[PDB]
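Trainee: experimental structure and sequence below, a few questions after.
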2 protein chains.
Amino acid sequence: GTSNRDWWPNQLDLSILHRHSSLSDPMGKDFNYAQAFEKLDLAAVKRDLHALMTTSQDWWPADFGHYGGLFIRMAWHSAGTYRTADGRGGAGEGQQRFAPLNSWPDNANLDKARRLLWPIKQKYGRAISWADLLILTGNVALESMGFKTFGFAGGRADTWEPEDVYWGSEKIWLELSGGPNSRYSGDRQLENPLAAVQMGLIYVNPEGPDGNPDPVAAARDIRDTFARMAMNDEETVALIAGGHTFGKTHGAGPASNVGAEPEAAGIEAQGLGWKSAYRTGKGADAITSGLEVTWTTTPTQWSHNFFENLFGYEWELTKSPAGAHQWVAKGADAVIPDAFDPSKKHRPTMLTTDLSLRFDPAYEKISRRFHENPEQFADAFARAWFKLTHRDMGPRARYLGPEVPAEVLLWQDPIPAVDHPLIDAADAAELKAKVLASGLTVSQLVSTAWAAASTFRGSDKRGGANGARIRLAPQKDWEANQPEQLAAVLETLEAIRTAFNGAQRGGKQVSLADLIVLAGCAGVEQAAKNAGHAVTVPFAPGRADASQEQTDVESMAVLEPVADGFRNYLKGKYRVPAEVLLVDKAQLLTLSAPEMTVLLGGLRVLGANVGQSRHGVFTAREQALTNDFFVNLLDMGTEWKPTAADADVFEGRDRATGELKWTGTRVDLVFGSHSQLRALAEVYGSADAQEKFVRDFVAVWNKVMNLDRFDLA
Amino acid sequence: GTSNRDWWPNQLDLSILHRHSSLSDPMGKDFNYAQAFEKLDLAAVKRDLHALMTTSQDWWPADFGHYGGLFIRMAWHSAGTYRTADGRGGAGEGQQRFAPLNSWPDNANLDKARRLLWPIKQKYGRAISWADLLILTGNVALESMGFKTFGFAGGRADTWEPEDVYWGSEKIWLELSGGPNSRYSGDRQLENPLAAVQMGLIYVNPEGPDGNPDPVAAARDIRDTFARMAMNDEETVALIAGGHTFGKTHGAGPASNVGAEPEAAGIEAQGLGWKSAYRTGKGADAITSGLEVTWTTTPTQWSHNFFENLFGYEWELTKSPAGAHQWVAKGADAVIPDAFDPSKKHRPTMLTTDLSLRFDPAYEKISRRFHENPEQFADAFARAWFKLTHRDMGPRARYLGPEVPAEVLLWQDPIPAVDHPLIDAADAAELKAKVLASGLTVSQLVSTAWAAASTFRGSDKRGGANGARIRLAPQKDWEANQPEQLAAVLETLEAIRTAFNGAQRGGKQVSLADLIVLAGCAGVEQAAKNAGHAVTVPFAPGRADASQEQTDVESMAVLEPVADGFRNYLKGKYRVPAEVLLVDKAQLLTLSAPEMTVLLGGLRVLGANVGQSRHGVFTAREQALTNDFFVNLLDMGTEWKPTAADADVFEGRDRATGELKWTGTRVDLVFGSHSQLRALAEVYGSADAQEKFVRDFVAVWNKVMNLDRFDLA
Ligand code: HEM
Ligand code: HEM
Ligand code: NA
Ligand code: NA
């Protein structure tokens, strides 16, 4: 059937804002996963997982009699889709079980691994999510094989439909770089927000870049992709050498033997894919990647044999039985065990990308250190494996169960514990009044609070107003935050804070993080008063102030809002139209289309625009909370045309006289163009809508202020 | 950005079951449109509409100084998308303002008409929906021009995103028949459920079939499409001649002057499209369809001139200024007024499809009768205009406001008013015990109540258990309803009914419609007891029994469930795969995917399959309400394969021994294959899920039993 996306392939897609409704969810409206998990007998689940590791099923026999290697790869790919640029991907939503991830070529035969876990999922039911179980299973694999993990946190709630993620523009799985939809340009520059080198890969091509088996060039792709997944050189070496201490690759015959990926397979396959016509299609005859490498002499036991082999041999370029490039140790004896035949042994083998850890000069120094000091290797790999598997879970307040590590890690963007009584309702009203008496304007108050709170993204649950990080590097210097204006507001608020805290008894105090939010609430209340409405904007205290020392400045960089349509801001010129970037930002903020619409219309008239731009400020009563943006936008007495200077800025002229009435951007005018957004704008632009507009604006402002308040979950 | 639909273009689309969530809706969850409408000053709206008619805007000037013709066309197209096959389309959801319909070529310049309405929509706000406004405006246009309408009902709630409708498979707007995606095969057979001859047309091509100007061949298409919109010959003739008593077509210059449709236009167009480079682009120079025809000597007044012209002249084939085929009266004087220039007059003109009303022999006889008896024409057009505009609104209980006609019409599928005391909870428990003591089985009671209730479709709000139409022709004879078994159950129920009604005092009685549903409920209670659960199924009395004379056998035919996955039934072999047909049926029933899943798993184990087919009956305790369907479907100890005799039936064998354990259809197996459905099946197939399954099954059973209960809304 032909669809709207076929007819108008470039129209903005709002359905990404309306995913994950209560319609698609099989659990009750009241189901609370954290409460279910808190009662799980986690020890009992782990003893079942342990037994599973060595209980081979004949429909996918276990290599070496042990599924450990398979399940470590399963959990590394569940986590390995993560991109720091947008926080999308990772293990936190269990998305490996849905399209497209369930059918990426890099995920071949992980369908088998997931199916092996159905009995345990079925036994424990809603008390352990698929998302948590994937990770836990990786942990238990490592434990069963003699590696002590750094810990585990539960709390990844299952999702029930595919996440909307940009994975690239290519129309061919694994397409080499340089095609009509190339993800590369310039001197091998990978486009943001991507974090893999080819469509359907986790990070890099195990043969080398675009198939070229040069370990030195492969190392450049590894470092770039890993950095785009928030991992540095030490973490990278530790993860790769750590993972490849276990198990094996599968390449026993030609890849043309392998049939359809799970989403294309016939109904009778019952959710599995990659059925192979090569000999038995499984076990000794398995074909997954097409490579056929077994790294260590004890693939089902933790050891330091990966680096002993890497450094102890010289390596020769060869081909697997499927024809893929790989490497074999020159002059070696047959010391590596066969996965099914106790009478056969094989020479050590390596991937091109393993050899990167020796042949890249910076990696070589880390790898030698780890080889010489295996205790350092084990500790780095444990900490890296934790980071890998938890990096998208958000603040530590979301971490559940008896195995959470006590050590606070910088990448967690830690927030200190609150150790004093909180302000009460009467205190909050006094603070709002003192903020308003200081001479701070509605515009300043709203803009500051918006800047602090709207760094949150629901993709990895980073950012938000908790921590008062807006006063720290780098946030205080971001152009979107208007650094000089910000410094003057913060100074005035910190004086209000000092005075209030100096007057208290009993240890009560207010954090700057809470006062920034509260002040923004006072602004919104005043703006409502300016329009004739008496409202109380809700406020929940309990945020704490983080220090510069607890703030990783480099990792914070990815939260910089280079496009923020809610402030009519675009840092530079991008290939993606500004309206698409607005809907992307709404998605990260967890906003529906109605919420996006209300919030944008309000922020325009409150004076939230960066630079005090007049674009979209369609009101003669700025700093009053009215529906004027929608009324004026929708007025057919105004005609709009792009300016000669800039086709992305529009002038709105009286249709009869020609007199200039307004100017707007694409972000402003999309609400009068897109047929679904225009239908929302019409609701708020109606004559009966001012009370509804105030209420819905206060609700969505409070939602935004609370996005990171997992302490109140 | 490449999406799952790009990778796997034939995968089943579940997002149709989760459209219209509370996420996309700008109204609060408690908003009740009928309550808002009931308070509207309808009189005031109509006065404003009357004023609008002659208040010409310079950006789309009114032909003849009166917009009535434009708004009549606007209302007729709002209604004219309706298909009796599935009940989808029509005016009832206001979908003309959304994609794709807002941009269909047949809707060209109706974006102007809708924008002319924005000031009235704005003024009255949520109290009148766009959906109602579009039809009311049509009505007012008719009244302003001298035509007395039969009535008007409000209550069409606005919707907030595009409806999921199959409009055809063609990839080119207006493609002529016989292309790679042809909607025609055989001897001009249009594929169901379509009701238009080309992609982007309302019904037929005004030049003639595929552009060939033959009025007698055009009449065949007119009769087929209009029948597929629930209109017969008399209604058809009355609507076409009635509509074309007013206004004009627009074809002043070549169509190459006209630019992009609304969904393709630049953001500065602010929701409008078809901007024209021909002269002033509007008014006297307007180009809409390309035809240039004005039918009557008084285009802004009701008259009998359509038929006087049609019969009074002989017609000659000519071309408009855009090159389109149309007809001109031989030897006539210049009697038809110009829309803008008082000094020009034109000869009478007609479309090919107008001439069909004279040159088709059955239409000719109706047209002559209307010509000779103008009162009869007036009454039939008033009735047909009401039907056109209300055919998708459902039962009379949904009709709101002071203009609703008192006359009950057959196409409304009328149900008599209840005129007696209803049964109470004590009576319901007595009746259920009598039903269970009769010897009727769980399978019989469930299957009958399912058959009665599952005729409902939310697309046009036809069908459901109200009316006890399952005892009448044609429902009693449908193969899916098992006529012999149905008759034996109805006989036993009607004996129970007679005995209970004979024992009452006052006028209390129970209808058969209620008893059918109540007996189904007793069967579900019994099945739950059979599984060891104590469950009371909710029941709401108040359904009444319709007569055969209130039940139009021909219009009931479209509700026949030729595919019903919930009974594992398929009447014949179809081009659409059975799982697609199940999701389509779930959509019509208003079910989400979790509801569809629970419902289907319960019906399988309760013995609801047509013919007592064993396909999908994955239980050894049939007639007990358990989650067996899910537990056995998801068991990896079974391997499935299509049978040699029939690739659409699958055998499930023990993986170790080869022994046959079950058989299933595509409808059964999709729940173990599609990755999102399998995730839902897993929830209900878990060890902790038996109580949840029972309770979610009762809820969705009750939902279905109440789909048509607008007497209780
Ligand atoms: C440059 C980065 C990496 C590359 C290119 C890569 C490549 C691969 C490939 C091609 C396979 C074989 C798939 C098959 O045929 O079965 C594989 C296996 C595996 N990888 Fe990696 N890998 C990388 C990093 C990782 C990391 C970070 C981990 C975990 C810490 C990991 C753990 C494993 C394990 C355990 C297996 C063995 C699976 C089994 O026994 O079935 N690898 N790797
Ligand atoms: C075979 C069925 C019909 C065909 C092929 C058809 C075709 C058309 C076409 C091609 C136009 C010109 C559009 C333009 O260029 O502006 C039009 C105009 C119109 N039609 Fe129809 N029509 C049909 C039935 C209907 C019915 C059932 C009604 C209403 C009861 C109706 C009422 C109108 C009116 C009022 C106009 C004039 C619009 C104006 O003044 O701007 N027609 N028709
Ligand atoms: Na994420
Ligand atoms: Na409909």
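Mentor: Sure thing, it's come through. Numbers count the residues shown, from 1 in each chain, chains lettered A, B, ... in the order given. Ligands and ions are numbered 1, 2, ... in the order given.
Trainee: next up, phi/psi of the closest residue to residue A:403 other than its chain neighbours, please.
Mentor: Of all residues not flanking residue A:403 in the chain, residue A:152 sits nearest, at 4.4 Å (CB to CB, 6 or more residues apart in numbering or on different chains). (C-beta placed from N, C-alpha, C; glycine too.) When read as degrees, to the nearest 10, the backbone of residue A:152 gives phi -160, psi 140.
Trainee: ok, residue A:706 - contacts?
Mentor: A:540, A:712 (CB atoms under 8 Å, 6 or more residues apart in numbering or on different chains).
Trainee: what's the local residue count around the residue of the stretch 51-200 of chain A found nearest ligand 3?
Mentor: Residue of the stretch 51-200 of chain A nearest ligand 3, by CB to the ion: residue A:90 (4.1 Å). With neighbours defined by other CB atoms under 10 Å in any protein chain shown, the count for residue A:90 comes to 26.
Trainee: nearest residue to residue A:670 other than its sequence neighbours?
Mentor: In space, and not counting its chain neighbours, residue A:670 is closest to residue A:579: 4.2 Å by CB to CB, 6+ apart.
Trainee: can you pull out the strands in the stretch 451-600 of chain A?
Mentor: Using DSSP state E, counting those that start in this stretch, the strands found in the stretch 451-600 of chain A span residues A:563-564, A:569-570.
Trainee: hmm, the residue of the stretch 51-200 of chain A closest to ligand 3 is touching residue A:79, no?
Mentor: Yes - using CB atoms under 8 Å, residue A:90 and residue A:79 qualify as a contacting pair, with a distance of 5.8 Å.
Trainee: which neighbours do the two share?
Mentor: A:391, A:392.
Trainee: residue A:680 sits in which helix or strand?
Mentor: Take DSSP states H and E as the rule and residue A:680 turns out to sit in helix A:675-684.
Trainee: tell me which helix or strand comes right after that helix.
Mentor: Later in the chain than helix A:675-684, the nearest helix or strand by DSSP H and E is helix A:690-705.
Trainee: what are the buried residues along that following helix?
Mentor: Across helix A:690-705, burial judged by 16 or more other CB atoms under 10 Å in any protein chain shown covers A:690, A:692-694, A:696-698, A:700-705.
Trainee: where does the residue nearest the centre of chain A sit: helix, strand or coil?
Mentor: Per CA atoms, centre = their mean, the C-alpha nearest to the average position across chain A is that of residue A:87, at 2.1 Å. Under DSSP: H, G, I helix; E, B strand; the rest coil, residue A:87 falls in the coil class.
Trainee: how close does it get to ligand 4?
Mentor: Note on residue A:87: its distance to ligand 4, by CB to the ion, to the nearest Å, is 41 Å.
Trainee: residues contacting that residue?
Mentor: Listed by CB under 8 Å, 6+ apart, the contact partners of residue A:87 are A:392, A:457, A:459, A:460, A:461, A:462, A:558, A:588.
Trainee: quick revisit: helices or strands next to the helix holding residue A:680 in the packing?
Mentor: Packed against helix A:675-684 by the contact rule (3 or more CB pairs under 8 Å, 6 or more residues apart in numbering or on different chains; DSSP states H and E) you find helix A:593-606, helix A:628-633, helix A:690-705, helix B:118-124.
Trainee: turn these into TSV, including distance to residue A:294.
Mentor: Shown next, in TSV, are these (distance: least, CB to CB, whole Å):
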stretch	distance to residue A:294
helix A:593-606	52
helix A:628-633	64
helix A:690-705	52
helix B:118-124	70
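Trainee: quick revisit: out of the strands of the stretch 451-600 of chain A, which comes closest to residue A:679?
Mentor: With CB to CB, the closest approach to residue A:679 among these belongs to strand A:563-564: 24.5 Å.
Trainee: so what touches that closest one?
Mentor: A:454, A:480, A:569, A:570, A:571, A:574, A:578, A:581, A:582, A:584, A:585, A:610.
Trainee: with adjacent residues omitted, what lies nearest to the third one?
Mentor: When you say that, I think you mean residue A:569. Using CB to CB, 6+ apart and skipping the chain neighbours, the partner closest in space to residue A:569 is residue A:610 (4.3 Å).
Trainee: ranges for the strands of the stretch 251-400 of chain A?
Mentor: So, for the stretch 251-400 of chain A - with DSSP E, counting those that start in this stretch - the strands run A:315-319, A:325-329, A:336-337, A:345-346, A:349-350.
Trainee: okay, now the sheet partners of the fourth one, with direction.
Mentor: Think strand A:345-346. strand A:336-337 (antiparallel) (DSSP bridges).
Trainee: pick out the residue of the stretch 1-150 of chain A closest to ligand 2.
Mentor: Closest approach of the stretch 1-150 of chain A to ligand 2 (CB to the nearest ligand atom) occurs at residue A:7, with a separation of 21.2 Å.
Trainee: mind splitting chain A into its structural domains?
Mentor: Split into domains by curated CATH domains, chain A comes to A:1-167+A:373-407, A:168-372, A:408-564+A:689-713, A:565-688.
Trainee: what about residue A:150, neighbour count?
Mentor: For residue A:150, the count of nearby residues is 19 (other CB under 10 Å).
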